[PDB]
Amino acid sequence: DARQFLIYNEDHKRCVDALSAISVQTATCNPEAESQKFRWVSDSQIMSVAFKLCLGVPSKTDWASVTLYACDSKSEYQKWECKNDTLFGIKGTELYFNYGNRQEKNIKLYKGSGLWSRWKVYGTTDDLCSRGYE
């Protein structure tokens, strides 16, 4: 489906990989891997295709793990937005979708806004919102 896409980090040359509802890490990009497919299901939520769950966090806290939760349009812990230059993070806060620090395999919310908090739709140079709505 045109809506489905892969979340890519240029610096690491890796894509987001959903392992389970409590584990979202990264892996060598493969457009054929369901676990690597995601899709916007609203103006602010991204759903894992393999698990039918939405990317979210336990709280809007630095280093909070980003895993999967039952999609809920009323929840703010699973709402995302695009910043500038492909910077991606939690809607309304200065915490970003991040990977690469402290040998941590799972995606984390981080205050740093460098190359590790920037992501593109795999196969393009556009931010994630280019495959969503709004």
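Residue numbers here begin at 1 and follow the sequence given.
Q: Going by the mean C-alpha B-factor recorded in the entry, which is higher: 72-80 or 52-60?
A: Of 52-60 and 72-80, the stretch with the higher C-alpha B-factor average is 72-80.
Q: On average, which has the higher Cα B-factor in the deposited entry, 83-91 or 61-69?
A: That would be 83-91.
Q: Would you mind finding, among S20, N9, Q25, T124, the residue with the largest C-alpha temperature factor in the entry?
A: That would be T124, according to the entry.
Q: Rank-wise, by C-alpha B-factor, drop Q103 into the lowest, middle or highest third of its chain.
A: As the PDB entry reports it, the C-alpha B-factor of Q103 lands in the highest third of its chain.
Q: Would the CA B-factor of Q45 place it in the lowest, middle or highest third of its chain?
A: For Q45, whose C-alpha B-factor we compare with every modelled residue in the chain, the answer is the lowest third.
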